[PDB]
Number of protein chains: 2
Amino acid sequence: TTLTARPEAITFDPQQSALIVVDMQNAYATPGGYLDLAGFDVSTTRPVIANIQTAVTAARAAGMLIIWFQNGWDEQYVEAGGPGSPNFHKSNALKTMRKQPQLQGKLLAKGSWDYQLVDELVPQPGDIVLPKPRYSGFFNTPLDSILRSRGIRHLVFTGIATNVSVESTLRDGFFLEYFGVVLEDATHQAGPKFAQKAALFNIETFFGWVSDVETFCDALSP
Amino acid sequence: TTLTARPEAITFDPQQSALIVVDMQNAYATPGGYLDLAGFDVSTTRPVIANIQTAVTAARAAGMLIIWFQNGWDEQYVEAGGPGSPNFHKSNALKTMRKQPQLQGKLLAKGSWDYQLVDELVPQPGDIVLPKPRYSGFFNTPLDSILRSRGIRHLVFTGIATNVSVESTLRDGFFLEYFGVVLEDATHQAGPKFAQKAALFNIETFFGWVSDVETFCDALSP
C-alpha cells in the first residue's frame, strides 16, 4: 500500500501494520467524562468517533491488527502512583477528584463508565485491547512485544488526545524504530486548537506522517 | 527548596537534582548551523545562550549536577540509522544534506563545527557530557542509569529544541518517574512560534513544570 501523506507519501504492508485507537473512552470523548469535568472541550468529538469507526472497518478488512488502548487505573489509584510519582501531581483526573470528592474513584477507573470505550466503538474478537497506566502506550506495557512478535513496523494512529497520549505514543514509537502515521481527522486534542495544530506539525516535521481517514480507506481498498 | 512554577510551585533538593542542557550546539543555536540551513529561524538564540550560562552558574554553585547533551552521529551517519529506520526518513539534517550535497558529512557529525557546543558554553570538570543519537535523551543512552545511580528525581531542562529534543526528553523522563521542569526563557523551538507555546502548554498541563531562569536562580540562592 502507498498512502498519500505529509510530508510525503509512504508505503506500508497492511498485514504487517497496526491501527491503534488511542483511548476512545468516555473519559476522553464524552460530555460528563473526565476531560469535560477537567475543563477541556469535548463537544466536537462526534466526527472523530465516526471517522474512527470508518477507519477500523477498512483496516480490519485489509488484515491490519486493531489495537485499542484504554487509559486508567484501579479505583484506589494504586496504579496511578502516589506522591512519589510525577503522575500523581500532573494527572488532571486526580486533580479533579481531589477538588471534587464526589468523583473520587470514578475518573479513569477500571470497570467504570468513565473508563469504558464510547458506545459506538466495540472491539471484535482477535483485536488487542491494552490497558495503559500512563500517557504513552509504549511505557509499562507489552505493546512493543506484541508488535515485534508480529513483525509490525508501521503504526497508524487515531484517538484522543492528539498532543498527549497519541503524540507521546507516536514519539516513543519513533524512538523504538516504528514508522508512525496519524490520521488527523480521527484525532482530537486536549487543549486549545493550537495544540492540535502543533501536534500534527511536530509529527509531520520530526517524527512521522500525517494523512486522513478518506485517504487511508482508499489506499487500503486493493 | 521551593521553585515557583506553572501550574504550581514544586519542592526539590538541588543536590538530588540535575540541570540538563539539551543540544546547545552550533547545529541548533548558531547562524549557518543545521537548523538555520534547514530553514528554521535561529535569529533569536543569543539571549537563550546567555540565560543558559546564568542557569548553569547557579546550578553548579548549588550542587546540582550539570548534564550536557550533544545530538549527532558518526560522519558516515551509520548511527543515524539506514533506510530501515524512521530517523533516516524524518531527519531534517539528512534531508538538507540530500538537497545540498556540499553539506554532506558536515551536519550533526562528530568532529564537525556543526556538532560542537557553541563557543560560549564550556563544560567544566564534574559535569557530564553525553552524546545522543535520537531526539530523546533517554533512548539509547545511559542517562537514566546516570541519574538513578545518584538518586536524582528532579530534572531542570534548558536548550534547543523546546518541542523536539527538550520536550521528548522531558516526556520520557515523566514516563520514567522523573519530575521535569523547563526554564522557558532558556529554550528555543524549531518551527513557528506556536511550537514554543504549544510545547510549554503540553509540559505545564500534562508532563511537568514551567519556570524561568530568574526564578530558578533566586530559588537556589539560599
Side-chain angles (χ1 to χ4, degrees), chain A residues 7-8 10 38-40 81 84-92 95 132-140 153-155 161-165 167-181 189-209, chain B residues 7-8 10 38-40 81 84-92 95 132-140 153-155 161-165 167-181 189-209:
Chain A
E8 67 274 324
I10 50 164
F40 297 99
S85 165
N87 185 61
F88 174 97
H89 300 268
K90 293 311 306 178
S91 168
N92 286 110
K95 285 180 171 181
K132 62 186 181 65
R134 301 290 186 274
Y135 307 120
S136 166
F138 277 110
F139 279 87
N140 316 322
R153 299 296 300 289
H154 283 80
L155 306 175
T162 317
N163 53 310
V164 188
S165 282
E167 177 175 16
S168 302
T169 302
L170 191 158
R171 283 195 193 211
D172 286 330
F174 169 92
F175 300 126
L176 289 162
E177 307 298 350
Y178 293 97
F179 292 80
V181 193
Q189 84 291 345
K193 287 211 244 182
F194 67 66
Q196 182 72 7
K197 169 167 72 170
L200 301 173
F201 173 83
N202 286 330
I203 291 170
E204 178 191 342
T205 303
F206 304 102
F207 290 101
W209 288 267
Chain B
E8 64 283 318
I10 55 162
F40 296 101
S85 168
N87 190 61
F88 173 92
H89 300 277
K90 293 313 306 172
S91 165
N92 281 291
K95 288 189 167 181
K132 64 183 180 67
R134 299 286 188 275
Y135 309 120
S136 171
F138 276 105
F139 280 83
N140 312 327
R153 310 275 315 202
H154 289 75
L155 310 172
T162 319
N163 52 310
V164 191
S165 285
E167 178 176 8
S168 290
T169 301
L170 193 161
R171 289 187 185 214
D172 285 335
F174 170 88
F175 301 129
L176 291 163
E177 304 299 358
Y178 293 96
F179 292 80
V181 181
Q189 84 285 353
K193 186 44 186 70
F194 67 69
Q196 178 73 2
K197 182 199 51 208
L200 297 173
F201 173 88
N202 286 329
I203 292 159
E204 179 187 341
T205 304
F206 304 103
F207 294 101
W209 290 264

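We name chains A, B, ... by the order of the sequence lines, and we start the count at 1 in each one.
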Heavy-atom proximity to chain B below 4.5 Å, by part of A/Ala190: both
Parallel, tilted or perpendicular: rings of A/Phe207 and B/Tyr135 (30°, 60°): perpendicular
Distance (rounded to the nearest 0.5 Å) between B/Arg171 CZ and A/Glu167 CD: 4.5 Å
Under 4.5 Å from any heavy atom of chain A - which part of B/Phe139: side chain
Region of B/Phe88 in contact with chain A, defined by heavy-atom distances below 4.5 Å: neither
Contact origin within A/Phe201 toward chain B - heavy atom pairs under 4.5 Å: side chain
Selection from A/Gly84, A/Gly208, A/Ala195 maximising heavy-atom pairs under 4.5 Å formed with chain B: A/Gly208
CA sep, side-chain torsions, deciding dist, call: B/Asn87, A/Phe206, side chain to side chain contact (heavy atoms under 4.5 Å, CB included): CA-CA 9 Å; B/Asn87 190 61; A/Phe206 304 102; over 6 Å; no
Shortest non-hydrogen contact between A/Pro7 and B/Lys95, atoms and distance: CG-NZ, 3.8 Å
A/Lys193 atom NZ, over 12 foreign heavy atoms within 6.0 Å: no
Top contributor to chain A contacts, counting heavy-atom pairs under 4.5 Å, from B/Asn92, B/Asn140, B/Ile10, B/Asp172: B/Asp172
Under 4.5 Å from a heavy atom of chain B, the part of A/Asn163 involved: both
Largest heavy-atom contact set with chain A, pairs under 4.5 Å, which of B/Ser91, B/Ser168, B/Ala198: B/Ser168
Minimum-distance pair of heavy atoms, taken over all atoms of A/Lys90 and B/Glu204: NZ-O, 2.8 Å
Heavy-atom pairs under 4.5 Å with chain B, option from A/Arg153, A/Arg134, A/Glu8 with the top count: A/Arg134
Portion of A/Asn202 that has a non-hydrogen atom of chain B nearer than 4.5 angstrom: side chain
